[PDB]
Structure formats: structure tokens, C-alpha cells
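Contents: one structure, followed by commentary.
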Amino acid sequence: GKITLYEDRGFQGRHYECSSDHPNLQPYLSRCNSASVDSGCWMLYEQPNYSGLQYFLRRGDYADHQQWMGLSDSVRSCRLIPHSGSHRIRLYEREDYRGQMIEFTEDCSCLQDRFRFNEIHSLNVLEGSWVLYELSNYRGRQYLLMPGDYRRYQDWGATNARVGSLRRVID
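To convert, note that position 26 of the sequence shown is 221 in our numbering; the numbers rise steadily by one, no gaps.
Okay, structure coming up:
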């Protein structure tokens with residue numbers, strides 16, 4: 196993967212190129228207003244050490260932060276999301292993997308068309324990396340999920356449990 200991040204809008208000002216996860220971009224860039232993704236799938240974070248608001252970016256050019264749906268010019272850590280060949284996830288109605296459950300191996304643009312819960316309170320990533328979204332059609336807050344256990348909603352970094360769509364990360 197390769198991404199170039201620029202301080203100024205329209206691919207200007209001081210820039211910095213990443214090829215791996217970077218937990219602290221502050222020594223190399225004091226703001227981020229445009230980005231170019233040459234390869235791979237990336238997650239940008241508003242705060243350092245993979246903290247704060249998250250934004251998914253795929254191969255392409257982003258002339259301003261609103262183009263990746265950011266609300267500010269704070270990008271302070273990033274992750275190169277790992278490729279997978281298969282994806283499988285389970286979502287649960289309540290904490291600790293109880294209540295009604297649903298599984299996906301495809302993208303789901305609208306969770307409520309399959310499930311009947313505006314909120315999801317635990318989940319299991321069995322394969323592949325996924326971006327979870329607060330709202331249907333891949334809108335609202337974004338949360339990266341990677342293979343592993345998520346037993347409450349605060350484990351994917353949310354402060355609420357709204358989930359309305361789910362996308363597989365693919366290159």
C-alpha cells in the first residue's frame with residue numbers, strides 16, 4: 196500500500212508518504228487536507244494512536260478532507276488495512292454475543308432490511324477486514340473491524356451502538 200498525505204487542499208503544501216501503519220503522524224504533518232491513495236485500503240484517524248474519528252479511503256484522489264467525509268483537517272494516525280480473500284462476520288443484538296444474530300459474507304448497505312435493530316451491541320469478525328457504519332448506505336460514523344472478538348460496542352471505538360451498514364475491505 197502507498198498513500199501520500201498533504202497539508203493543504205488540492206494536493207499542495209508539505210506532504211508525507213506512508214506504506215505501513217503509522218501511529219503518530221504529527222512529526223511529519225501538522226494537518227491534512229488532501230490525500231492520494233496509490234494502492235491499498237487505508238483508515239485515517241483524527242487523533243494519534245488510532246484514536247478519534249475514523250475514515251476509510253480506497254485507491255483514488257481526495258482534493259479535500261470532506262471527500263473522505265472528514266469534518267476537520269486532523270489526521271494524526273493511519274492504518275494500512277489488511278487484504279483478505281474471504282470475509283465473514285457475525286453481528287449480535289446484545290452484548291457478549293447474545294440475542295438475535297446475523298451473519299454476512301457480503302457487503303450490507305442496509306442492516307435494517309435484514310435485521311430489525313437499529314443498534315448492534317456485540318460482533319464477531321471471523322474473517323477479513325470490514326468497515327462498520329453508523330447509518331445505512333455507508334454513511335455516519337465509521338469504525339474499522341479486523342479479525343477478532345468485539346464483545347461490546349466500545350471495543351470498536353463507538354460511543355453508541357447504531358449500526359446501519361457494513362462493507363468488506365477489498366483492494
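For each residue, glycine too, the CB sits at the ideal point set by N, CA and C.
Sequence-distant residues of its chain with Cβ nearer than 8 Å to residue i (five each side left out)
i: residue 361; result: 284, 286, 299, 302, 303, 306, 325, 326, 327, 328
Beta-carbon proximity list for residue i, same chain, < 6 Å, skipping 5 on both sides
i: residue 314; result: 356, 357
i: residue 258; result: 205, 229
Buried versus exposed call for residue i [16 or more other C-beta atoms within 10 Å across all chains shown]
i: residue 249; result: buried
i: residue 311; result: exposed
i: residue 295; result: exposed
i: residue 240; result: buried
i: residue 265; result: buried
i: residue 269; result: buried
For residue i, the nearest candidate out of the options (CA to CA)
i: residue 279; options: 267, 322, 292, 222; result: 322
i: residue 255; options: 332, 199, 330, 331; result: 199
i: residue 336; options: 276, 228, 244, 352; result: 352
i: residue 282; options: 196, 363, 197; result: 363
i: residue 365; options: 332, 277, 341; result: 277
i: residue 288; options: 220, 275, 271, 309; result: 309
i: residue 345; options: 197, 320, 214, 252; result: 320
i: residue 271; options: 354, 196, 202; result: 202
i: residue 293; options: 317, 218, 275, 223; result: 317
At which residue ranges does the stretch 226-286 contain complete beta strand (DSSP E) runs of 3 or more residues, listed in the order of the chain? Taken in chain order, the complete beta strand (DSSP E) segments of 3 residues or longer contained in the stretch 226-286 are 229-234, 236-242, 246-252, 255-257, 272-276.
Segments assigned beta strand (DSSP E), at least 3 residues, entirely inside the stretch 294-346: List check, beta strand (DSSP E) in window: 317-322, 325-330, 334-340, 343-345.
Does the stretch 201-210 come close enough to the stretch 233-246 that 3 or more CB-CB pairs lie under 8 Å? Contact between the stretch 233-246 and the stretch 201-210 is absent, because fewer than three Cβ pairs lie under 8 Å.
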